[PDB]
Structure formats: C-alpha cells, structure tokens
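In the form deposited without the named molecule, a lone chain appears below as structure tokens.
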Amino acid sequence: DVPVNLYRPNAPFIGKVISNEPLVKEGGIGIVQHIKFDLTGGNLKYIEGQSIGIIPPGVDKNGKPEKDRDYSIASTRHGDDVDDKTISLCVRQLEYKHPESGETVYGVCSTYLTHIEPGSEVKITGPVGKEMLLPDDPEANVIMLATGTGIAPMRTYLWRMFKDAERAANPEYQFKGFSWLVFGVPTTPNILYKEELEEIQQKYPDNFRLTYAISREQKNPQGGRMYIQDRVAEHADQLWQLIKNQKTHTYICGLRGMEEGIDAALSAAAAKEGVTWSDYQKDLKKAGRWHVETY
C-alpha cells in the first residue's frame, strides 16, 4: 500500500524545479528554502511523513560522484496545490566552522538545493520511510516535537488535517482529534511557516495547539535560552496525560540531540504515577506510536 523506492540512485527521476521561496524572514539566522518540484512525466507517489533523496551534481574531494542525500517531504501526498503533480522540500543550507579547513564550510547538497533556479532539472529518488507515518484514525491525538527543518513532516500532517482543500480532497480523513506542535527555532523570523501555523490554530482552537521555544527571545526558568526540551519540561504532565491514551501518537524530528531532554522530562512526569517512561516508551515504539527521525 505504502509507496517506497519507485525511483532509486541508479535510475533517478528527473524532476523540474517549479519554485524556490525563502522561509527565514528578515532578521533570522541562516537560510531555509521551500522548494517545489514537478513530478509530471514520472510515477513518483508518496504519503505524509516520508522522505525523498536528492543527488547533487559534482564529485567529492576524492573525485567520486556525490551521493544521494535524504530530505523529509514537506508537502502532503497531493502536493501544495492539491493537484497530485508536485512535491516539496524544506531545506536548510548547511554551513559551519573553521574547525573544518577553511572559513565557512558550505554543505554540498543543501547549498545546491537552496540556490537552485526554477526550471532546473533535479535527480530525485524514493520515497523512503515507514516509521513517520500518520494513523488513518481521524480521532487520534498527534503530538509533534520539531526543531528547525524537522517541521517538514509536521507540515505534511497538519496540512492533511487542516487545509480546506485537503479536507475536500480526503473524504476518509476528516481529523477530529487533538494535535499539539511544540516548535523550537532561534528567532521569530526563523519560525518556518509561521503565518499558516498560526492561521490553523486560530481556525481550530480545540484541535490544534501551537507552542514555540525561541532561544534568542525567551529564557527557561534556570535562566538559559529556551529550547524545546524546556517547553516539554514545562508541559511534561500535560504531555504524559495525552501519551497515556491508546490512540496517541508522538513524532520527533530535527537535528539530533533533542531526545535526551525530552525523555528526562517525560520520565519525571510518568514516575509520579509509578511508571518508568523508558519501559512505557519501548512499548509505544513496538506499537508504532513513538516515531523518531533525527539527523
């Protein structure tokens, strides 16, 4: 049922860039781009929570062809125009230290993508992944814990749940549960898709809650910068009470490092009721109700 590896590295789909828009507003940190690709002329299909590969041009420092890099799909199965013709990505330009030889180092595939022009052809593989799928059950509770580009699979969920055109296109999924996104970014200009998330919470106050952790604008109770683990700690009891429901799913996505603090906070909440979270969590994972994609 789930589409997987309709295209592979040895024979990728050659798509075309339709658009490449900035998601970091003025005064933000770094570069994050929303990139939409044209799927017509191939049979790439996908669903929410999946990823695709991009193969960038060029050779590495050893003269070898650059390999596939994976990116979370940021559009629903229908694409952003709900026409089943496109796919979108949410791509950060990787750049970093002199402690790697040079000045700023720029990631190969992410710089290629963030600066790519409409009309350009791109090698696309996939889709891949079965561990970040949304339940078919419209009454499920969905907790979403995202930092940075980890917003990508959450966008596919929330758009399927809450976009008018999606609801009209998806007879069998009329979401009536409760979802709660905790989203960590450094600044308010760095809140990817801010306007549309806040629009969704406004329209569906009983079905969507939005919580920000903004490190350059907020301090945790210990006086440090506010991170997502701080917000999960602040709301640990609320989150644990939701997690106790047999129909609750939790999704974690972002750059690696968030999980440790999320676990310590939930562990303290569950312990009050004589539950060891690490054991409860293994069971959730086994049941397919604890989903993690970090990188």
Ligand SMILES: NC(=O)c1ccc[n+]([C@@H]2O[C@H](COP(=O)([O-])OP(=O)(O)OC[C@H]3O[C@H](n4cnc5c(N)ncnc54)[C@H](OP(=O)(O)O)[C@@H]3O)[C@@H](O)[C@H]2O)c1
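Heads up: residue numbers just count along the shown sequence, starting at 1.
Keep in mind that the form solved in complex with the named molecule is not shown, yet the notes after this line are about it.
Heavy atoms within 4.5 Å of the named molecule in the deposited bound form: which stretch among 135 to 143, 177 to 185, 200 to 208, 118 to 126?
Every other range fails; the passing one is 177 to 185.
Taking 31, 92 and 192 as a possible spot, do all three reach the named molecule in the deposited bound form with a heavy atom inside 4.5 Å?
Yes, the whole candidate spot contacts the named molecule.
Of 167, 130, 85, 216, which one comes within 4.5 Å of the named molecule in the deposited bound form, counting heavy atoms only?
After the contact test, the surviving option is 216.
Heavy atom to heavy atom, is residue 227 within 4.5 Å of the named molecule in the deposited bound form?
Yes, residue 227 sits close enough to the named molecule in the deposited bound form that at least one of its heavy atoms falls within 4.5 Å.
Is residue 147 near the named molecule? Define near as a heavy atom within 4.5 Å, in the deposited bound form.
Yes, residue 147 is a contact residue.
Quick one: does residue 24 come within 4.5 Å of the named molecule in the deposited bound form, counting heavy atoms only?
So residue 24 counts as contacting the named molecule.
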